[PDB]
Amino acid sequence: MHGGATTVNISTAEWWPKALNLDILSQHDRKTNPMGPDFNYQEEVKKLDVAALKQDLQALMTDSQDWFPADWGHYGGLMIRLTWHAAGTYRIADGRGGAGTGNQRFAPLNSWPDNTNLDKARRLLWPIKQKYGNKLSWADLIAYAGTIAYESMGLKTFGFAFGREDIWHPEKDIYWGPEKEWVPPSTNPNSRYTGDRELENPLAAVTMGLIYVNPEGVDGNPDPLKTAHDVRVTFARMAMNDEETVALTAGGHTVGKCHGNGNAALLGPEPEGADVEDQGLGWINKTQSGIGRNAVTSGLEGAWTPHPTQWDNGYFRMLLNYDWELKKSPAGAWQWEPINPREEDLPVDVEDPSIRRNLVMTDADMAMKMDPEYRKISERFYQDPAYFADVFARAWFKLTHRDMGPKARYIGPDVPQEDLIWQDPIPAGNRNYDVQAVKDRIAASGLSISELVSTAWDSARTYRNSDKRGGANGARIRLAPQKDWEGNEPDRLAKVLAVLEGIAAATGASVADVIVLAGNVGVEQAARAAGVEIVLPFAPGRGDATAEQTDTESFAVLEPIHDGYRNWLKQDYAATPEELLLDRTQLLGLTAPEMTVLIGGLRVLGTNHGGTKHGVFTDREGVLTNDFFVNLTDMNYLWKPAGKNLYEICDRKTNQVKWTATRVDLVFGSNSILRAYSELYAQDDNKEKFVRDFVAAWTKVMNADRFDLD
C-alpha cells in the first residue's frame, strides 16, 4: 500500500481524453535508450560477419527445439510468417507500421491475435541475436529471417539490406484504429468502415488486430469475391498492386501451413497479458498439448501445398486444378478443402511423415481463383513460374524494405544495384562550388525573405520519419505532382524556381542545394534585421531527381493538405488543426520545444500560405523576433472565436481587433505544456535563445533526409 502511479491506467488521460498527445514527440529519448550516446548502429552492422550469420540462420531453420518444435523439422514456414507479419503492418498514407523498427517485439503488435505464436518465432531467433550482439539489430534479424527461410527452401531471393535501428518501447505515435476490442465485426460501434463499406482512410487492415484481411471471409462469412475486394483495398494501402498481391499470396502459401488442431479456448492470454511464468511468451496451452500437430494458431488447419517445406509450383496446381468447398477446421474455422484429392497430394503430418493430413485454402486464396483479375494473373503464374518467382522475389523485397528510405541507408553485401523506383532515388550532387557565391547570388536576386523561406520549408516538409520518404533532397518540389500542389502555392513556387534554377545552372550546385541555401539566406537576413549575425550551418551534396525516377502516384500520399507551420488547411477535416499539426511534427521527427520555436519564427517571417495575417503578432514582419510569444502571452488581449479555425485578438481596453489567429496559433497559449514553452520564449532574457533555437530547428528539418552524409 503505496503512492506510485505504478500501472498504466493511472494517468491524466482519463480526465481529459481529448487532450493533445504531446508524448509522441518525446519517444525514444536518452533514458529509455540503454546504449551509450556514441553508439552508432550503422558503423557496427558494417563490421558484421554476414556470411557467418547466413550460415547460422539457415541451420536454425532445421534446428527444431522441443518447447515449440518445427513443422516437419523446418521452421521456414513460421519464419516467413514472422517477417511477412512484421512488414505487413506498413500503410502508405503516413508510412507508419513496417518492419523497419523491429516493433513486433513490444506491445501492442506482439499480442495482436494475427501474431499468435510469432512470439515463438522471435524467441527462436534469440540465440543468433545473442551471438552477433550489437552488430545485429532485432529489427534486421526479424526482417532477414524469412528471406533466409526462402533461400533455404529453394527461392532465389532478390536481396537484402541491413540498417534498421532497434527501438526500446512501442511506437506510441501509431494510431491502429478506433476499436476497443479485438477483431470485432465491422457492424459494431467504433467501426472503421463508413459509407458503402469504405475503409477509414489511414487504416490498412479490416479490423483491429489483423494484418490485412479476415481469412474466414468478410466478418467471418466466406465469400471469395467479397474477400477479393478487401485484399485489393488493403494491399493497395500497403503499396502493392494486383500483380504483386497475387504473387505475395501464392508465394507465401507455397510453403508452410495453417494450425488449428485443438480448442482455441484452451489457449492462455496473449503475451502482454500472460503471467511472468510464461517467459514473455503467450497463447500457451497448459490444459493440453499446444505444440507440434496440436498447435492452434489461426485455427484453420491444413497446408496449401503437398510439399510445404519447399518452393515448388504446388500452390496453383492445387488451387486451379482441384475444385474446393467449405468445411470446418477442428477448432471451428471456415476453410476450403479440395474435393477428391489424391493421396500423393496430401501434406503429411508435422511429427510423423507416415500420416497424411489435409489441404486447405483460405477465403483469400479462393479469391485468387474467383476474382476475375486475380484469376488471369494466377493463370499467368501457373503457366510461367519463372515469372512468378521473379515477380514474387521482387515484391518480397519491396515488402520488407518499403519503409527503409533512400538507398544511402542500405548496408550489406546483398543489396541490389538496381535503383527501384519505390526507393525514391536521388543522385549524389556536386559538393565543390563556392557556397558564399550562391548566397550572394540568392541575396542579389529580387526575392523576399518570405519567398525564400516558404519555398525551402515546402521542399523539406514532405519528410516523414515513418518510412523515410520526402524531404528537400532530390528537389522533387520542382517536379510533378509537387510543383502543382495547392499547398505549395505553384505561382510563387514557379516564380522562385525560375530564379533558383538559374543560380544552380551558373554555379553547378543542385537546385536542391540552392533551394535550401536560399531558405538559409532569408533566415540570415531576418536575423540580421533584428541585429543578430548568424551563419546557419549548411551541408552540400543534394541531388536533383529525374521525373523518370519519380513515381507520380506514390507521392500523392505526401501532399501537404494541411500544414500548421504555414497556417495551411486545404479543407475542413474531422481532426482539429492542432492534432494535424502534431501528426506532421511527429513525422518530421520534431520535439515539442522545436515545434514551438518554428511556429513562432515562421509566423513573424510572414510565411502563411495565402499571405494571410493569422498569427503574425508583430509590427515587423520579416524580422526574426520572439514577438509571436510576447504578444500571445499578454493578457492585455482577450481572444474571441470568429468562426471556423479563426479568432480575433482584441484589446481589452478599446475592445478593438488587433490581430487574427487560428487554432494552430492559439493552442500554443492554451495547452498548459505549450504555453509553458511559449512563456519561456517570451521572457525578457530569451531573445537570443529563441533565435539560436529556431535556427537549430530549421536546420534539423533541412537536414532530416540527408542519409547520404551520416
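Numbering starts at 1 and follows the sequence shown.
The stretch with the higher mean CA B factor, choosing between 355 to 363 and 525 to 533, is 525 to 533. Annotation for 674 to 682 versus 53 to 61: the higher mean temperature factor (C-alpha) is found in 53 to 61. Residue set 259, 483, 398, 122: peak C-alpha B-factor at 483 (per PDB entry). The maximum CA B-factor among the listed residues 391, 300, 92, 443, taken from the PDB record, is found at 443. Among the modelled residues of its chain, residue 23 has a C-alpha B-factor that falls in the lowest third according to the deposited record. Among the modelled residues of its chain, residue 691 has a C-alpha B-factor that falls in the middle third, as given in the PDB entry. In the deposited entry, the Cα temperature factor of residue 312 sits in the bottom third of values across the chain's modelled residues. Residue 169: CA B factor in the middle third of modelled residues in this chain (values from the PDB entry). Ranked against the other modelled residues of its chain, the C-alpha B-factor of residue 76 as given in the entry falls in the lowest third.
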